[PDB]
file data-v6.cif (mmCIF, N, CA and C atoms)
data_run
#
loop_
_atom_site.label_atom_id
_atom_site.label_comp_id
_atom_site.auth_asym_id
_atom_site.auth_seq_id
_atom_site.Cartn_x
_atom_site.Cartn_y
_atom_site.Cartn_z
N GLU A 214 139.09 72.71 74.87
CA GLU A 214 139.80 73.04 76.14
C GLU A 214 139.08 72.35 77.32
N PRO A 215 139.75 72.12 78.46
CA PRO A 215 139.08 71.46 79.63
C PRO A 215 137.87 72.24 80.13
N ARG A 216 136.88 71.54 80.62
CA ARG A 216 135.65 72.20 81.14
C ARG A 216 135.75 72.31 82.66
N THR A 217 135.38 73.46 83.19
CA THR A 217 135.43 73.68 84.67
C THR A 217 134.05 74.07 85.19
N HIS A 218 133.28 74.77 84.37
CA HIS A 218 131.91 75.20 84.78
C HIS A 218 130.87 74.41 83.96
N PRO A 219 130.38 73.25 84.44
CA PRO A 219 129.37 72.47 83.65
C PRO A 219 128.19 73.32 83.20
N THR A 220 127.81 73.16 81.95
CA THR A 220 126.66 73.95 81.38
C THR A 220 125.34 73.49 82.02
N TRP A 221 125.32 72.29 82.57
CA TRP A 221 124.07 71.77 83.22
C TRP A 221 123.53 72.81 84.20
N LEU A 222 124.42 73.43 84.94
CA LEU A 222 124.01 74.47 85.92
C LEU A 222 123.37 75.64 85.17
N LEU A 223 123.96 76.02 84.06
CA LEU A 223 123.41 77.15 83.24
C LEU A 223 122.03 76.77 82.71
N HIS A 224 121.88 75.53 82.30
CA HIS A 224 120.58 75.05 81.75
C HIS A 224 119.47 75.20 82.80
N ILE A 225 119.81 75.00 84.05
CA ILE A 225 118.79 75.11 85.15
C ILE A 225 118.70 76.56 85.66
N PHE A 226 119.80 77.28 85.61
CA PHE A 226 119.82 78.69 86.10
C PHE A 226 119.01 79.58 85.16
N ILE A 227 119.08 79.31 83.87
CA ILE A 227 118.33 80.13 82.87
C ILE A 227 116.82 80.16 83.24
N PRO A 228 116.10 79.02 83.31
CA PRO A 228 114.64 79.06 83.67
C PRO A 228 114.40 79.65 85.06
N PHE A 229 115.14 79.18 86.03
CA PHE A 229 114.98 79.67 87.44
C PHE A 229 115.20 81.18 87.50
N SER A 230 116.12 81.68 86.70
CA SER A 230 116.43 83.15 86.70
C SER A 230 115.32 83.93 86.01
N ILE A 231 114.98 83.52 84.80
CA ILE A 231 113.92 84.24 84.02
C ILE A 231 112.58 84.16 84.75
N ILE A 232 112.21 82.97 85.17
CA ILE A 232 110.90 82.77 85.88
C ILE A 232 110.87 83.62 87.16
N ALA A 233 111.96 83.60 87.91
CA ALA A 233 112.02 84.39 89.18
C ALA A 233 111.99 85.89 88.87
N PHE A 234 112.62 86.28 87.78
CA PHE A 234 112.66 87.73 87.40
C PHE A 234 111.25 88.22 87.09
N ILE A 235 110.52 87.47 86.29
CA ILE A 235 109.13 87.88 85.92
C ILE A 235 108.21 87.82 87.14
N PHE A 236 108.50 86.92 88.07
CA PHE A 236 107.66 86.78 89.29
C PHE A 236 107.73 88.07 90.10
N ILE A 237 108.92 88.59 90.28
CA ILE A 237 109.10 89.85 91.07
C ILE A 237 108.62 91.06 90.26
N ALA A 238 108.67 90.96 88.95
CA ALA A 238 108.23 92.09 88.06
C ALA A 238 106.70 92.13 87.99
N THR A 239 106.07 90.98 88.04
CA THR A 239 104.58 90.92 87.95
C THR A 239 103.96 91.41 89.26
N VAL A 240 104.52 90.99 90.38
CA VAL A 240 103.97 91.40 91.71
C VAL A 240 104.15 92.91 91.90
N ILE A 241 105.33 93.41 91.60
CA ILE A 241 105.60 94.88 91.76
C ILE A 241 104.72 95.67 90.78
N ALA A 242 104.61 95.17 89.57
CA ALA A 242 103.79 95.86 88.53
C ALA A 242 102.33 95.89 88.96
N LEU A 243 101.86 94.79 89.51
CA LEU A 243 100.43 94.71 89.97
C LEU A 243 100.22 95.70 91.11
N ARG A 244 101.16 95.74 92.03
CA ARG A 244 101.06 96.68 93.19
C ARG A 244 101.13 98.12 92.70
N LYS A 245 101.97 98.37 91.72
CA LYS A 245 102.13 99.75 91.17
C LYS A 245 100.79 100.23 90.60
N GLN A 246 100.13 99.36 89.86
CA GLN A 246 98.82 99.73 89.24
C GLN A 246 97.80 100.01 90.35
N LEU A 247 97.75 99.14 91.33
CA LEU A 247 96.78 99.32 92.46
C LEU A 247 97.10 100.61 93.21
N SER A 248 98.37 100.89 93.39
CA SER A 248 98.80 102.13 94.11
C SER A 248 98.26 103.35 93.37
N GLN A 249 98.43 103.35 92.06
CA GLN A 249 97.94 104.50 91.23
C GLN A 249 96.42 104.57 91.32
N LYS A 250 95.77 103.43 91.28
CA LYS A 250 94.27 103.38 91.35
C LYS A 250 93.79 104.12 92.60
N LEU A 251 94.40 103.84 93.73
CA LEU A 251 93.99 104.52 95.00
C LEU A 251 94.41 105.99 94.95
N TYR A 252 93.60 106.79 94.29
CA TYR A 252 93.90 108.25 94.17
C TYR A 252 92.83 109.04 94.92
N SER A 253 91.58 108.66 94.73
CA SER A 253 90.45 109.36 95.42
C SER A 253 89.46 108.34 95.97
N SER A 254 89.28 107.25 95.25
CA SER A 254 88.33 106.18 95.69
C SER A 254 86.93 106.78 95.84
N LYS A 255 86.15 106.69 94.78
CA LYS A 255 84.76 107.24 94.81
C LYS A 255 83.85 106.28 95.59
N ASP A 256 82.58 106.62 95.68
CA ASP A 256 81.60 105.76 96.42
C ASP A 256 82.00 105.71 97.89
N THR A 257 81.17 105.07 98.70
CA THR A 257 81.46 104.96 100.17
C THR A 257 81.64 106.37 100.75
N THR A 258 80.77 107.27 100.37
CA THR A 258 80.84 108.67 100.87
C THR A 258 80.26 108.74 102.27
N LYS A 259 80.61 109.78 103.00
CA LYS A 259 80.10 109.95 104.39
C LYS A 259 79.55 111.37 104.55
N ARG A 260 78.24 111.48 104.52
CA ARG A 260 77.59 112.83 104.66
C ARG A 260 77.46 113.18 106.15
N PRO A 261 77.40 114.47 106.52
CA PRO A 261 77.27 114.85 107.97
C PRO A 261 75.92 114.45 108.55
N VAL A 262 75.90 114.18 109.84
CA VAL A 262 74.62 113.78 110.52
C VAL A 262 74.39 114.71 111.71
N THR A 263 73.25 115.38 111.72
CA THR A 263 72.90 116.32 112.84
C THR A 263 73.92 117.46 112.88
N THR A 264 73.45 118.66 112.62
CA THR A 264 74.35 119.85 112.63
C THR A 264 73.74 120.95 113.49
N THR A 265 72.47 121.21 113.27
CA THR A 265 71.76 122.28 114.05
C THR A 265 70.68 121.63 114.92
N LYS A 266 70.64 122.02 116.17
CA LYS A 266 69.62 121.46 117.12
C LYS A 266 68.24 121.98 116.71
N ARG A 267 67.25 121.12 116.81
CA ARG A 267 65.85 121.52 116.43
C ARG A 267 65.03 121.77 117.69
N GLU A 268 64.99 120.79 118.57
CA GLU A 268 64.20 120.92 119.84
C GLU A 268 62.75 121.23 119.50
N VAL A 269 61.91 121.28 120.51
CA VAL A 269 60.46 121.58 120.30
C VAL A 269 60.05 122.71 121.24
N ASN A 270 58.95 123.36 120.92
CA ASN A 270 58.45 124.49 121.77
C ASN A 270 58.20 123.98 123.19
N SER A 271 57.59 122.82 123.30
CA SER A 271 57.29 122.24 124.64
C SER A 271 58.60 121.96 125.38
N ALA A 272 58.82 122.68 126.45
CA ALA A 272 60.07 122.49 127.26
C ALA A 272 60.08 121.10 127.88
N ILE A 273 58.92 120.66 128.35
CA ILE A 273 58.81 119.31 128.98
C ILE A 273 58.21 118.34 127.96
#

call {"tool": "encode", "arguments": {"input": "data-v6.cif", "output": "C-alpha coordinates"}}
result
Amino acid sequence: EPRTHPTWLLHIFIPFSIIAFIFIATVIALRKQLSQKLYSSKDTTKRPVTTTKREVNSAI
(Lines of atoms letter the chains of each structure in order from A and count residues from 1; the text may use other names and numbers.)
(Lines give C-alpha, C1' and ligand atoms only; values in the text may rest on other atoms or scores of the structure.)
Protein backbone atom coordinates (compact mmCIF):
# COMPACT_ATOMS: atom_id res chain seq x y z
CA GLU A 1 0.00 0.00 0.00
CA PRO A 2 1.23 3.66 -0.45
CA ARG A 3 3.48 5.04 2.32
CA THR A 4 2.53 8.33 4.05
CA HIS A 5 4.51 8.21 7.33
CA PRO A 6 8.24 7.45 6.47
CA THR A 7 9.76 4.98 8.98
CA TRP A 8 12.99 7.09 8.94
CA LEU A 9 11.28 9.39 11.47
CA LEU A 10 10.42 6.36 13.66
CA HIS A 11 14.05 5.15 13.44
CA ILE A 12 15.22 8.50 14.93
CA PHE A 13 12.24 8.96 17.33
CA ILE A 14 12.87 5.55 18.98
CA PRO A 15 16.43 6.47 20.35
CA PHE A 16 15.51 10.12 21.08
CA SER A 17 12.38 8.91 22.95
CA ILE A 18 14.00 6.09 24.98
CA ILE A 19 17.16 8.12 25.77
CA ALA A 20 15.07 11.17 26.81
CA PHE A 21 12.76 8.95 28.92
CA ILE A 22 15.66 7.44 30.92
CA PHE A 23 17.23 10.92 31.28
CA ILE A 24 14.15 12.26 33.12
CA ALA A 25 13.80 8.97 35.08
CA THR A 26 17.46 9.00 36.25
CA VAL A 27 17.39 12.65 37.43
CA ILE A 28 14.05 12.23 39.28
CA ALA A 29 15.21 8.88 40.75
CA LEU A 30 18.49 10.45 41.94
CA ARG A 31 16.60 13.37 43.54
CA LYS A 32 14.11 10.94 45.16
CA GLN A 33 16.97 9.02 46.84
CA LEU A 34 18.61 12.25 48.07
CA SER A 35 15.23 13.51 49.35
CA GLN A 36 14.78 10.32 51.42
CA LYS A 37 18.40 10.58 52.67
CA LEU A 38 17.70 14.03 54.17
CA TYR A 39 15.69 12.68 57.14
CA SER A 40 17.75 13.75 60.18
CA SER A 41 21.30 14.44 58.88
CA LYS A 42 23.66 13.41 61.71
CA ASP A 43 26.95 15.19 62.55
CA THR A 44 27.25 19.01 62.42
CA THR A 45 25.56 19.18 65.85
CA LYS A 46 25.15 22.49 67.72
CA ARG A 47 25.52 22.34 71.52
CA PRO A 48 24.36 25.33 73.73
CA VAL A 49 26.94 27.99 74.70
CA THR A 50 26.70 29.93 78.01
CA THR A 51 23.50 29.24 79.99
CA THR A 52 24.11 30.30 83.62
CA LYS A 53 26.08 33.43 84.56
CA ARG A 54 29.17 32.73 86.71
CA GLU A 55 30.60 36.17 87.59
CA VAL A 56 33.23 36.51 90.35
CA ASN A 57 33.07 37.56 94.03
CA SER A 58 35.10 40.70 93.23
CA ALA A 59 32.49 43.28 92.12
CA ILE A 60 35.22 45.41 90.49

call {"tool": "atom_distance", "arguments": {"input": "data-v6.cif", "atom1": "atom CA of residue 239 of chain A", "atom2": "atom C of residue 220 of chain A"}}
result
27.7 Å

call {"tool": "axis_aligned_box", "arguments": {"input": "data-v6.cif", "around": "segment 254-260 of chain A", "padding_each_side": "3 Å", "output": "JSON"}}
result
{"center_x": 83.4, "center_y": 109.1, "center_z": 100.5, "size_x": 17.8, "size_y": 14.2, "size_z": 17.4}

call {"tool": "atom_distance", "arguments": {"input": "data-v6.cif", "atom1": "atom CA of residue 241 of chain A", "atom2": "atom N of residue 229 of chain A"}}
result
19.2 Å

call {"tool": "atom_distance", "arguments": {"input": "data-v6.cif", "atom1": "atom N of residue 231 of chain A", "atom2": "atom N of residue 217 of chain A"}}
result
22.8 Å

call {"tool": "select_by_dssp", "arguments": {"input": "data-v6.cif", "residues": "chain A", "states": "alpha helix (DSSP H)", "output": "NGL selection string"}}
result
:A and (220-250)
